Amino acid sequence: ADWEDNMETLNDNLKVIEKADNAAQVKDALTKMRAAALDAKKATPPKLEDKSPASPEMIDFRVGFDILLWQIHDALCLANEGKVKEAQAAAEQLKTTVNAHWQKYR
Amino acid sequence: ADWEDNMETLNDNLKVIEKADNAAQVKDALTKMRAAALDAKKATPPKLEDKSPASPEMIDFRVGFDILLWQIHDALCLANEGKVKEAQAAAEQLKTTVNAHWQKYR
Amino acid sequence: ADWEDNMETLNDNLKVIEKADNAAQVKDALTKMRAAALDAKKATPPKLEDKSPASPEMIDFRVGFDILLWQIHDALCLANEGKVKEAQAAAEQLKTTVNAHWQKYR
Ligand SMILES: [Bi+3]
Ligand SMILES: [Cl-]
Ligand code: NA
Ligand code: NA
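Conventions adopted
- Residues numbered from 1 in each chain as written, not as in the entry; some residues may be left out.
- Chains lettered and ligands numbered in written order.
- Heavy atoms only, no water.
- Contact = heavy atoms within 4.5 Å.
- Buried area = accessible area lost by both parts, 1.4 Å probe.
- Salt bridge = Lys/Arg side-chain N within 4 Å of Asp/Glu carboxyl O.
- Polar contact = N/O pair within 3.5 Å; in protein donor to acceptor, adjacent residues only side chain to side chain.
- Axes fitted to C-alpha atoms, helices over the stretch in contact; angles between N-to-C directions.
- Helix = DSSP H or I, 4+ residues; strand = E, 2+ residues; numbered from the N terminus.
- Parallel < 35°, antiparallel > 145°, perpendicular 65-115°, else oblique.
- Left-handed = near helix turned anticlockwise from the far one by under 90°.
- Nonpolar A, V, L, I, M, F, W, Y, C, P; charged D, E, K, R; others polar.
- Least-squares fit on C-alpha atoms.
- Expected span 1.5 Å × (residues − 1).
- Buried < 20%, exposed > 50% of the residue type's maximum accessible area, 1.4 Å probe, protein only.
- Arc of directions from axis to C-beta.

This deposited entry lists X-ray crystallography as its structure determination method and 1.48 Å as its resolution.

Undergrad: Honestly, the interface of chain C and chain B in this entry has me stumped. Any pointers?
TA: Chain C puts 13 residues into the contact, and the matching count from chain B is 12 residues. Taken over both partners, the interface formed by chain C and chain B buries close to 1,100 Å², and the fraction arising from carbon and sulfur atoms is 67%. Ranking the residues of chain C by area buried against chain B places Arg34, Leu38 and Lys42 of chain C at the top, with a combined share of 39%. On inspection of chain C and its partner chain B, the count reaches 2 salt bridges. With a closest N to O distance of 2.6 Å, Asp74 of chain B and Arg34 of chain C form a salt bridge. Connecting chain C to chain B are 2 residue pairs in polar contact.

Undergrad: What should I look at first to understand the packing of helix α1 (residues 3-18) of chain B against helix α4 (residues 84-105) of chain B in this one?
TA: All names here are of chain B. In contact at an axis separation of 10 Å, α1 and α4 are set at 155 degrees when each is read in the N-to-C sense. Classified by the angle their axes make, α1 and α4 are roughly antiparallel. In this structure, α1 crosses over α4, and the sense of that crossing is left-handed. The segment α1 lies against α4, with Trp3, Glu4, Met7, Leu10, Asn11, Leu14, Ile17 and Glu18 engaging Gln88, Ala91, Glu92, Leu94, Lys95, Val98, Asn99, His101, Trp102 and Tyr105. Partitioning the contact of α1 with α4 into residue classes produces 10 nonpolar, 4 polar and 4 charged.

Undergrad: What is the right way to look at the interface of chain A and chain B in this model?
TA: Bring the parts together and some accessible area is lost; that lost area is often taken as the interface size. Taken together, the contact between chain A and chain B spans 13 residues of the former and 14 residues of the latter. Of the roughly 1,300 Å² buried where chain A meets chain B, counting both sides, 70% is carbon and sulfur surface. Three residues stand out in chain A for area buried against chain B, namely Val63, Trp70 and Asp74 of chain A, and they jointly supply 41% of the buried area on that side. Seen at the junction of chain A and chain B, the total is 2 salt bridges. Of the charged contacts in the structure, one is a salt bridge between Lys41 of chain B and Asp66 of chain A, with a shortest N-O distance of 2.9 Å. Where chain A meets chain B, there are 2 residue pairs in polar contact. Along the lines of polarity and charge, the residues of the side of chain A that touches chain B split into 8 nonpolar, 1 polar and 4 charged.

Undergrad: Would you mind going over the environment of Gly82 of chain A with me for this structure?
TA: Positionally, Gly82 of chain A belongs in the loop between α3 (56-80) and α4 (84-105). Measuring from C-alpha to C-alpha, the distance between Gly82 of chain A and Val26 of chain A comes to 9.7 Å, with 56 residues separating the pair along the chain.

Undergrad: How should the relation of the copies chain A and chain B be read in this particular structure?
TA: Between the two copies of the chain lies a relationship made up of a rotation around an axis and a movement along it. After a rotation of 118 degrees and a shift along the axis of 0.3 Å, chain A superposes on chain B with an RMSD of 0.6 Å. The transformation relating the two chain copies, once decomposed into turn and shift, fits a three-fold axis. Within chain A, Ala54 of chain A has its C-alpha nearest the rotation axis, a separation of 3.2 Å.

Undergrad: Could you clarify how one ought to interpret helix α4 (residues 84-105) of chain C in this entry?
TA: Each α-helix winds once per 3.6 residues, and so residues spaced three or four apart point in a common direction. The first and last C-alpha atoms of α4 of chain C sit 31 Å apart over 22 residues, in line with the 32 Å expected at 1.5 Å per residue. Lining the buried residues of α4 of chain C we find α1 (3-18), α2 (23-41) and α3 (56-80) of chain C.

Undergrad: For this particular structure, what's the right way to read the environment of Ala40 of chain A?
TA: All names here are of chain A. Among the secondary structure elements, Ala40 is positioned in helix α2 (residues 23-41). Linking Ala40 and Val84, residues 44 residues apart in sequence, is a C-alpha distance of 26 Å. Beyond its immediate stretch of four places on either side in the chain, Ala40 contacts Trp3, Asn6, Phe61 and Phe65.

Undergrad: How should α1 of chain B be read in this particular structure?
TA: Residues and elements named next belong to chain B. Its 16 residues place the ends of α1 23 Å apart at the C-alpha level, agreeing with the 22 Å of an ideal helix rising 1.5 Å per residue. Restricting attention to buried positions, one finds in α1 the residues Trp3, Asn6, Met7, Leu10, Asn13, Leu14 and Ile17. Here the buried residues of α1 occupy an arc of 125 degrees about the axis, which is enough to place them on one side. Where α1 is buried, its residues meet α2 (23-40), α3 (56-80) and α4.

Undergrad: Explain the side chain of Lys41 of chain A to me, please; I cannot follow it from the model alone.
TA: Its place among the elements puts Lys41 of chain A in helix α2. Polar side-chain contacts of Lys41 of chain A include one of 2.7 Å to the side chain of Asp66 of chain C. Leaving out residues up to four positions away in the same chain, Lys41 of chain A has contacts with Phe61, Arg62, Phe65, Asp66 and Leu69 of chain A together with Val63 and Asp66 of chain C.

Undergrad: How do you make sense of the environment of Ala24 of chain A when you look at a structure like this?
TA: Residues and elements named next belong to chain A. Tracing the backbone shows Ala24 in helix α2. Note on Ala24: relative accessible area 54%, which makes it exposed. In this structure, the C-alpha to C-alpha distance between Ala24 and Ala79, residues 55 residues apart in sequence, is 8.3 Å.

Okay, here's the thing in structure tokens:
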């Protein structure tokens, strides 16, 4: 895959979380999002393909994926506590972050 | 924000945690600390401005913020479980680590 | 402590987790594992000693610690919740990750 496909996986699992019926489904979707966010952190997005891997721009990109990963980590804790609705609330902020990253790096 | 301002945010919120009366205040302060540590990962302390962004020294700096982030996450999980006093002890350890990073890079 | 020392610490604490009977023992071993993994993340492993610090190889090396750390903390949250055997299974997965990293970069 690639960065774009990782972003598509993030969006798909956000859609799954929105429609989820139980904590197991939210946990599964958030786990998939965690894996996808890491994989995207290892990629180079289209806008930064003219920048070096250790440029400040790419370092900041990887930190942005760290931010997304921490939002996922905390939402996953909230889901493992069984609070499905609050985990969906946190997934809303997840959606905001993912959209901003898509607009910034595509 | 620059590195010093992020460290100041960390210390202000440590003070907030020290004097908190409920889990909500602790959680708010810890969320602010997480945001500040992540933002500081994108900064450069003044004495490392001549180093390359991926130099061993800058790697040590960013990973120090990773250390802080996992300690913040511990305190946040404790707060989520209602364990305010354990979260405050964890925040005392966090204050020690923030001080050590400050002394190391200033 | 160099990278190899950190790997040996991770392996030792995995052995500790395997034979633990209570959650406090598991939590202690996992805390030590987090410390060792974050120490290793800032290192240059033996196989990559001839590579630039800005090389994509070192970036991938560091990003590979994201998985290790989030698996450590999956196990640690399970241990904080008192699920000893579940934490031990999570630590088995973590052991897979640790040994793969060790043998990849030595
Ligand atoms: Bi937790
Ligand atoms: Cl880097
Ligand atoms: Na609980
Ligand atoms: Na027994």
